[PDB]
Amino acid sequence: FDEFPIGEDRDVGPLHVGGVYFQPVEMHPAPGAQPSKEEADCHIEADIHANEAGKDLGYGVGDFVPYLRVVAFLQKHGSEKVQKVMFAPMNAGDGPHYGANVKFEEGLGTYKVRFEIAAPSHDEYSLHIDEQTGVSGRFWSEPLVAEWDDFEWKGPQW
């Protein structure tokens, strides 16, 4: 299917992060508080894989990194209003990613788009740390940031 870029891919910490958007989708179940397919403007996704620095956490380089907590913030240029969107983990036909249907609440124009990526909760995920079978890396304590300062929402491209 057709995907449109949010901006240039980013490397931040042990993650390679891409941002794409396309038409709103129907999801099962419908996640969190996201707008329906009909009410949304688009679906936005964060593609997140481990880069070379990820190998120290035990991920295979290039593999999807699960259990992250990803939140997008959208802010139209010239506006003080910031939208906070919690992404959910989900599969499309092209595999696991984090994503959301979203509305651009201040309409057409240029937005700053910022993904804040928190590590797997210490309540949810662990690392082997023994010398024999363990890893020498550790999760990051403050969320990593991938952002694009000049994303143009010029309306549906579909």
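Start at 1 with the first residue shown and count on from there. By rigid core we mean the largest C-alpha set that fits within 1.5 Å across both forms.
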Core-aligned CA RMS in 5 other deposited structures of this protein: between 127-135 and 66-74 the higher one is 127-135
Higher of the two mean Cα B-factors (130-138, 9-17; per PDB record) comes from 130-138
Of 117-125 and 95-103, the stretch with the higher mean C-alpha B-factor in the deposited entry is 117-125
So among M90, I44, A50, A30, who wins on Cα B-factor in the entry?
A30
Ranked against its chain, the third holding the CA B-factor of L57:
middle
Can you tell me which third, lowest, middle or highest, the CA B-factor of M86 falls into for its chain?
middle
